[PDB]
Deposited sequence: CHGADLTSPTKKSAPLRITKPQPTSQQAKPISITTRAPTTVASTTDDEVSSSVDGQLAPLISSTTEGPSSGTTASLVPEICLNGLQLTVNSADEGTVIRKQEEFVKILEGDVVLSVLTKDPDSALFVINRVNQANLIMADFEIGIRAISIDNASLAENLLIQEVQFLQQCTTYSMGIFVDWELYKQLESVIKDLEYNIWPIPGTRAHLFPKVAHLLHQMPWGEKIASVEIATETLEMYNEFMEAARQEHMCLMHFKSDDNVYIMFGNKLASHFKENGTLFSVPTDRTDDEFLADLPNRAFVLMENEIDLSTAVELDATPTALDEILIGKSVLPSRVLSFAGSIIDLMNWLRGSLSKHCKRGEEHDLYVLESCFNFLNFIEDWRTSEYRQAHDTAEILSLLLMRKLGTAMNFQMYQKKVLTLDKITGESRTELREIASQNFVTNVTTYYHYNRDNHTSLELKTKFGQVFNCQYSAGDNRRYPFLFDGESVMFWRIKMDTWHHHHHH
């Protein structure tokens, strides 16, 4: 067919290698996400992890999505490609925001499309815990929390409620502005403490457009350069993934569903059929991994132990950076043990630290 030869076509008309990144394999998984490199890392680590105990590696078709108004046509092209142009088709993973945005098309196509769990569950308790322990003073302030969508506002006041914090807007001169997005905190002319939590990757335009003395609450992208820095087990990082960065929330939020789906595929190859020439009937009823007999909740140290990345979780941090004109490292919350290290810089060259009362003690309700 034409769809197997030309591939996915995005409208000039764009070539397939601009937005699809493929590791080869016998079974083909499809990931449709904003950050494809974390998905390529998760499928690469379950390939070298060998949780399946089978000879065939897991394949990926990682569709890069930059605007959300073109993902429907590439979903139509990917259900045509994974119905026609492959031998075995497990499913199409869509991230949680494009799953909740386009649920009518996914319900109308009736094909095996499952959501990746959302990364804001891995990010917004880290935001509320870095705001809970922050050295502030004895001043209460007026908070104005600006988000892009209202769902981030509901989950942020939920995460502030489990950290025992009340955030109320009094009429006072001391102002705190928390902005949730990549374009809300761009040259803010208001005066006060500015917290800026980005959603996507941080560019040089975002660090250019921020005000002076503004706080940047983001996670660390981890650059991949060699395969010996990931684990003590000798593995092989694939050559496409060298020189590129992963976000750790996307890694963990995809990797829980990957650990559940390959544990289901362990059960399916244990009951059926490991060599894929001898093995037959991989995928008969595949919706049962969403049911709770094979769907489990894993801790993050278990995810790094199962997928052979235990030396990676030292660099899995959530930081808070202040822009002084330089991004000075102020806070650091590790993902694997939730320990929160604040950084103070003795300046004025003193010999003592008067410890300020923290932000969670002032705003305690």
| item | value |
| --- | --- |
| Sequence ranges absent from the coordinates, based on the deposited chain and numbered from 1 | 1 to 77, 89 to 96, 359 to 366, 419 to 430, 471 to 505 |
